[PDB]
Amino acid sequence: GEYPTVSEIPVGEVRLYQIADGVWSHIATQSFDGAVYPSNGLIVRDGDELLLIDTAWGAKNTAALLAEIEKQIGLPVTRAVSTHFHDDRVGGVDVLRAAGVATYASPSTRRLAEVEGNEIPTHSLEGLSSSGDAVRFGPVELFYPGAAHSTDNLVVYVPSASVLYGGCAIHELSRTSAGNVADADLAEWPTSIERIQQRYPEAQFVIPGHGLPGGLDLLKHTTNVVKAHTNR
């Protein structure tokens, strides 16, 4: 009840929100490009362990995230997947690594993180090189839909809970602009969203990279906003 918003989270703190049985989002905030933004990740129960999707945008936040997970859930985080190479997704990987978490990303994400100067997940995910590729990874499916917010961006589906985590490829309804498009492929982004729509029509909950969860309408919303941005 009441998903937390940016005014409810001081930078440095992390909230968890149970989305469904064995699926939570984590929500943190950060100062960026002259504003304060919220950021979501995902936590998925993996037997008696946890699979983490994305850091909490930095070392300080990610430390808070690990503490909050122990406090509220009390199962160990054994694996983490970063869904693209920007700092809101890999920033805090070293904190995860030091805590004994195995960190993963596609080869493309690892390479781009290195070029950018960001933290580099240790493990490489295989089978996600080409638009339309999917692989099972523990209790989720990882899907590379094609370039969108970034050329490497992955989305994550939790089949047991019908939860689709879009990361920064999916915008919340409140957002009217396409966000930070410095590394985006605006031309491909609607096509990549269509691949997601066609693959996961059964999604009940859709979690954007930043802001409020909704339903599958978030996909249409994203292509609306992305097209409007492209057009000026």
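Residue numbers here begin at 1 and follow the sequence given.
Visitor: Output the stretch having the higher mean C-alpha B factor in the entry; the candidates are 133-141 and 77-85.
Guide: Between 77-85 and 133-141, it is 133-141 that shows the higher mean C-alpha B-factor.
Visitor: So 55-63 or 195-203, which one's hotter by mean CA B-factor in the entry?
Guide: Taking the mean C-alpha B-factor of 55-63 and of 195-203, the larger value falls to 195-203.
Visitor: Return the residue from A113, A105, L96, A161 that has the highest Cα B-factor in the entry.
Guide: Of the candidates given, the C-alpha B-factor peaks at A161.
Visitor: Please place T109 in the lowest, middle or highest third of its chain according to the CA B-factor in the PDB entry.
Guide: CA B-factor rank for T109: lowest third.
Visitor: Please place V6 in the lowest, middle or highest third of its chain according to the CA B-factor in the PDB entry.
Guide: It falls in the top third of the chain.
Visitor: What third of the chain, by the recorded C-alpha B-factor, contains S174?
Guide: Middle third, going by the recorded CA B-factors of the chain.
Visitor: Relative to the other modelled residues of the same chain, rank the CA B-factor of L218 and answer lowest, middle or highest third.
Guide: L218: CA B-factor falls in the lowest third of its chain.
Visitor: Considering every modelled residue of the chain and its Cα B-factor in the PDB entry, is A35 in the lowest, middle or highest third?
Guide: According to the entry, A35 has a C-alpha B-factor in the chain's highest third.
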